[PDB]
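Participant: Dumping the structure here so I can ask a few things about it.
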Amino acid sequence: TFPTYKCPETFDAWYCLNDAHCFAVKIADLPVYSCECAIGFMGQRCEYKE
């Protein structure tokens, strides 16, 4: 399991939608930012109301 970290500020502010939370991992020295969606939402930015 990869540890997760707080996102940089621009990502933390704007990237994840619909009350989703941004989280960062580092894979082979590269930061990858992702969104943990609230229930009922899906997508890269949790932009789709599933």
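We name chains A, B, ... following the order of the structure tokens; residues begin at 1 in each chain, and ligands are numbered from 1 as shown.
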Can you pull out every residue within 12 Å of range 40-48 of chain A, counting only C-alpha atoms, but drop anything in the same chain fewer than 4 positions away, and send it as a PDB file with N, CA and C atoms, in the first residue's frame?
Facilitator:
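Heads up, here's the output in out_7.pdb:
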ATOM      1  N   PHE A  11      -4.272  21.999  -6.421  1.00  0.00           N
ATOM      2  CA  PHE A  11      -5.010  20.752  -6.496  1.00  0.00           C
ATOM      3  C   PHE A  11      -6.001  20.607  -5.351  1.00  0.00           C
ATOM      4  N   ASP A  12      -5.538  20.887  -4.132  1.00  0.00           N
ATOM      5  CA  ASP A  12      -6.384  20.765  -2.954  1.00  0.00           C
ATOM      6  C   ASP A  12      -7.602  21.672  -3.028  1.00  0.00           C
ATOM      7  N   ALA A  13      -7.417  22.853  -3.613  1.00  0.00           N
ATOM      8  CA  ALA A  13      -8.500  23.810  -3.772  1.00  0.00           C
ATOM      9  C   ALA A  13      -9.479  23.406  -4.856  1.00  0.00           C
ATOM     10  N   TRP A  14      -8.971  23.047  -6.032  1.00  0.00           N
ATOM     11  CA  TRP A  14      -9.851  23.024  -7.215  1.00  0.00           C
ATOM     12  C   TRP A  14     -10.032  21.701  -7.933  1.00  0.00           C
ATOM     13  N   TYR A  15      -9.133  20.744  -7.722  1.00  0.00           N
ATOM     14  CA  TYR A  15      -9.132  19.535  -8.567  1.00  0.00           C
ATOM     15  C   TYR A  15     -10.307  18.581  -8.336  1.00  0.00           C
ATOM     16  N   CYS A  16     -10.597  18.287  -7.081  1.00  0.00           N
ATOM     17  CA  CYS A  16     -11.585  17.276  -6.748  1.00  0.00           C
ATOM     18  C   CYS A  16     -12.894  17.918  -6.438  1.00  0.00           C
ATOM     19  N   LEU A  17     -13.950  17.366  -7.016  1.00  0.00           N
ATOM     20  CA  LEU A  17     -15.258  18.016  -7.003  1.00  0.00           C
ATOM     21  C   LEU A  17     -16.266  17.288  -6.137  1.00  0.00           C
ATOM     22  N   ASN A  18     -17.397  17.950  -5.894  1.00  0.00           N
ATOM     23  CA  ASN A  18     -18.515  17.318  -5.191  1.00  0.00           C
ATOM     24  C   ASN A  18     -18.116  16.777  -3.834  1.00  0.00           C
ATOM     25  N   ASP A  19     -17.333  17.577  -3.106  1.00  0.00           N
ATOM     26  CA  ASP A  19     -16.927  17.282  -1.722  1.00  0.00           C
ATOM     27  C   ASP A  19     -15.921  16.130  -1.636  1.00  0.00           C
ATOM     28  N   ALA A  20     -15.331  15.767  -2.770  1.00  0.00           N
ATOM     29  CA  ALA A  20     -14.231  14.804  -2.781  1.00  0.00           C
ATOM     30  C   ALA A  20     -12.969  15.391  -2.142  1.00  0.00           C
ATOM     31  N   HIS A  21     -12.063  14.508  -1.715  1.00  0.00           N
ATOM     32  CA  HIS A  21     -10.791  14.895  -1.103  1.00  0.00           C
ATOM     33  C   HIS A  21      -9.607  14.512  -1.979  1.00  0.00           C
ATOM     34  N   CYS A  22      -8.698  15.457  -2.185  1.00  0.00           N
ATOM     35  CA  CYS A  22      -7.511  15.221  -2.992  1.00  0.00           C
ATOM     36  C   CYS A  22      -6.482  14.501  -2.142  1.00  0.00           C
ATOM     37  N   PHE A  23      -5.808  13.520  -2.732  1.00  0.00           N
ATOM     38  CA  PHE A  23      -4.661  12.902  -2.089  1.00  0.00           C
ATOM     39  C   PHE A  23      -3.547  12.608  -3.071  1.00  0.00           C
ATOM     40  N   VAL A  32       1.560  11.630  -7.963  1.00  0.00           N
ATOM     41  CA  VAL A  32       0.333  11.390  -8.710  1.00  0.00           C
ATOM     42  C   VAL A  32      -0.809  11.813  -7.812  1.00  0.00           C
ATOM     43  N   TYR A  33      -1.633  12.745  -8.298  1.00  0.00           N
ATOM     44  CA  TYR A  33      -2.752  13.267  -7.520  1.00  0.00           C
ATOM     45  C   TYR A  33      -4.067  12.624  -7.935  1.00  0.00           C
ATOM     46  N   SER A  34      -4.895  12.322  -6.948  1.00  0.00           N
ATOM     47  CA  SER A  34      -6.125  11.570  -7.148  1.00  0.00           C
ATOM     48  C   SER A  34      -7.210  12.151  -6.265  1.00  0.00           C
ATOM     49  N   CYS A  35      -8.457  11.775  -6.545  1.00  0.00           N
ATOM     50  CA  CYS A  35      -9.612  12.234  -5.771  1.00  0.00           C
ATOM     51  C   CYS A  35     -10.316  11.052  -5.157  1.00  0.00           C
ATOM     52  N   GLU A  36     -10.537  11.136  -3.853  1.00  0.00           N
ATOM     53  CA  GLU A  36     -11.392  10.199  -3.128  1.00  0.00           C
ATOM     54  C   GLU A  36     -12.795  10.773  -3.132  1.00  0.00           C
TER      55      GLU A  36
END
Participant: Using only C-alpha atoms, which protein or nucleic acid residues come within 12 Å of residue 27 in chain A? Drop anything in the same chain fewer than 2 positions from it, and give the result as a ChimeraX atom specification.
Facilitator: /A:1-4,24-25,29-33
Participant: Can you list, as a ChimeraX atom specification, every residue of chain A that DSSP puts in strand (DSSP E)?
Facilitator: /A:21-27,30-36,41-42,48-49
